[PDB]
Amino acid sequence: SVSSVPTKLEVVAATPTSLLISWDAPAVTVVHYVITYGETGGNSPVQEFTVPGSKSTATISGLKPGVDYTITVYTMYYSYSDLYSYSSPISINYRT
């Protein structure tokens, strides 16, 4: 009954080629977060990287100016029933 998806994903600071994102930790043991991003126009390879379970912010670099990006975060988390498993993503869009 306890959601393992992060909440309140948002860009808190932005340059034309980078984004500072942050989110609220879910109420479970998160081993690490996985951040996905890519150009919204489904004509670009999506990239993924991890940040430790203790962090709740991440910098996305190497972006293009004035381009629409889709950014998602999900968790690799421990729970009693499922041991390690991946949560559904939370997703936002942001134009640099």
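We number the residues from 1 along the sequence you see.
K.L.:
Which of the two stretches, 43-51 or 29-37, shows the higher mean Cα temperature factor in the record?
P.N.:
The recorded data point to 43-51.
K.L.:
Among the chain's modelled residues, which third holds the C-alpha B-factor of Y74?
P.N.:
Its C-alpha B-factor, which the entry lists for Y74, ranks in the middle third among residues of this chain.
K.L.:
Would you check the entry's CA temperature factor for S81 and let me know if it's in the chain's lowest, middle or highest third?
P.N.:
Answer is highest: the recorded C-alpha B-factor places it there.
K.L.:
Using only modelled residues of the chain, where does the Cα B factor of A14 rank: lowest third, middle third or highest third?
P.N.:
Tercile = middle for this residue's CA B-factor.
K.L.:
Check where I60 lands among this chain's C-alpha B-factors and tell me if it's the lowest, middle or highest third.
P.N.:
Answer is middle: the recorded C-alpha B-factor places it there.
K.L.:
Please place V2 in the lowest, middle or highest third of its chain according to the CA B-factor in the PDB entry.
P.N.:
Within its chain, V2 is a highest-third residue by C-alpha B-factor, going by the deposited values.
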